[PDB]
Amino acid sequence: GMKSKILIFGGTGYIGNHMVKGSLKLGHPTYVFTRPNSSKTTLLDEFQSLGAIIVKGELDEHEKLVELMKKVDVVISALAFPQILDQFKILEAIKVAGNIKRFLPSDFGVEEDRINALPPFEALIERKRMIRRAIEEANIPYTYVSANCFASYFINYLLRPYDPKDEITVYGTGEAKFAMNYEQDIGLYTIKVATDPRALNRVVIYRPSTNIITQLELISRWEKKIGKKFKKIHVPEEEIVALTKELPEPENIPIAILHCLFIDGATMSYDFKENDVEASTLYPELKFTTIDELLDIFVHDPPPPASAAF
């Protein structure tokens, strides 16, 4: 009926698929832009069976983008690192169409406007800042989402649950705090805020109080859940820093991010601002899956590990 029509770029992506599913679950007409040569053929059929409208095309097709923009109300971009500046093609179409009511660029991680990182990562978040500055300059309605750490992604990365090893790697001292959220929830909440007036032209941060922890605490809780003890092996901070300067790209990017998230504790190193919105306080009918619930999921039906594109 009155439901906003949503267009999602990168909908077949790691986090994008959860936004598409969340959009459909909420009853929103959902358009998914995808490359003609995408290998996500089985996922696209799933989206279709769920009610999504699949649109094949390339970001270089300016006219196609403009005509598509005219048919929707909300635009969400879940594109990857290599395509950050390609979002200017999406922005140009939005500017020409002129009817878009909300645009969410591809952030979904740290809050780039209040934190800094080592060169490898700083370069990438500076590109994300460029997109933001352009949105504001053009007076385009927006919502900036800081989703913090993707939980399944990082529980897999830090605990390597699919590995029967007796040792576990800890980055730095392991005392740095960080927040992580279940992908399925990040996707649903993102759709919710994209139409919520309370998130119009604001930064929304996903930081439920039940999802804040340190590497050492996560390991301890996992050990209790599975009844096994691990030998902790630490990677000194000075070691991590040196690597970001010597190793080639993209190899040095994940290293810089590990420093940012697990040594500098960038997802928890700041206090909320007056205009900030913490998403968990928004909907009494919903809640983020907690860390304990996440660990239970990895015991009963663990999701496969993943690796972002650099």
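So that there is no doubt, residue numbering starts at 1 and follows the sequence shown.
Looking at mean Cα B-factors across 227-235 and 121-129, the upper value is held by 227-235. As listed in the deposited structure, the average C-alpha B-factor of 134-142 and of 69-77 is greater for 134-142. Per the deposited record, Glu167 carries the highest C-alpha B-factor of all listed residues (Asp107, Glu167, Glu217, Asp86). The top Cα temperature factor in the record, among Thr30, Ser280, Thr42, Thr267, falls on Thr42. Remark: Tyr162 belongs to the highest third of its chain, ranked by C-alpha B-factor as recorded. In the deposited entry, the Cα temperature factor of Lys25 places it in the highest third of its chain's modelled residues. Among all modelled residues in this chain, the alpha-carbon of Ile8 has a temperature factor (C-alpha) in the lowest third. Looking at the C-alpha B-factors along this chain, the one for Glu92 belongs to the lowest third. Looking at the C-alpha B-factors along this chain, the one for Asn99 belongs to the middle third.
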